[PDB]
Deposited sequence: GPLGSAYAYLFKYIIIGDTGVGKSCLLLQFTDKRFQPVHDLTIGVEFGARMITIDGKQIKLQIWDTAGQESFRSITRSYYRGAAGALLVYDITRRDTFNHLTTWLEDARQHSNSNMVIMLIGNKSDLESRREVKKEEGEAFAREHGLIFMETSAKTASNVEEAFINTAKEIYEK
């Protein structure tokens, strides 16, 4: 009835900041890596209700270009991350998105994340390109910095609000 558990997965290319977004959200710190068993949790509040976010970092899946069924199983939300300094990470979004289409529950919320927003001297992908990609595919989008915490809390909380309100 009254308390909630939302399973999240974090997906996207190598080095986009999946691990750092996890650690920033759960521990408020920015930095070992146990592939296949790399996770964290944090309690939040939406509409006065207690919601436990159980969050899975899918590092190690990148080489496969696909997410194992056990990550998708019961996943309520997914953060699909690219690295704004590396256009190739932006280019591979459609293949991550198709993997999710084929193998995830259609109700799984997906938020598009352009990470490393602090790195303005190396930006390759404009914020507007992330926005347009998200619109075309019916997703919410935010730029984050796992380094500075910018929009990190907002990304996880807004995903949860979308899951809860759907």
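In sequence order, the deposited residues that have no C-alpha coordinates form the ranges 1-5, 37-39.
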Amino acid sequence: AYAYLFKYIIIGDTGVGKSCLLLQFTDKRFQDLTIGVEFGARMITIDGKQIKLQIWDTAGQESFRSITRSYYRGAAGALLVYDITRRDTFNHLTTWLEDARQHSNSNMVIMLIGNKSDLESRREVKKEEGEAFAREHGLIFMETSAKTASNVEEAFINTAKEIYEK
From here on, numbers count along this sequence of modelled residues.
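Note on 113-121 vs 62-70: mean CA B-factor is higher in 62-70. Per the PDB record, residue ranking by Cα B-factor puts residue 39 in the highest third of the chain.
Residue 164 sits in the highest third of its chain by CA B factor, as recorded in the PDB entry. Looking at the C-alpha B-factors along this chain, the one for residue 56 belongs to the lowest third. Ranked within its chain, residue 91 lands in the middle third, by CA B factor from the PDB record.
Ranked by Cα temperature factor within the chain, residue 4 sits in the middle third according to the deposited record.
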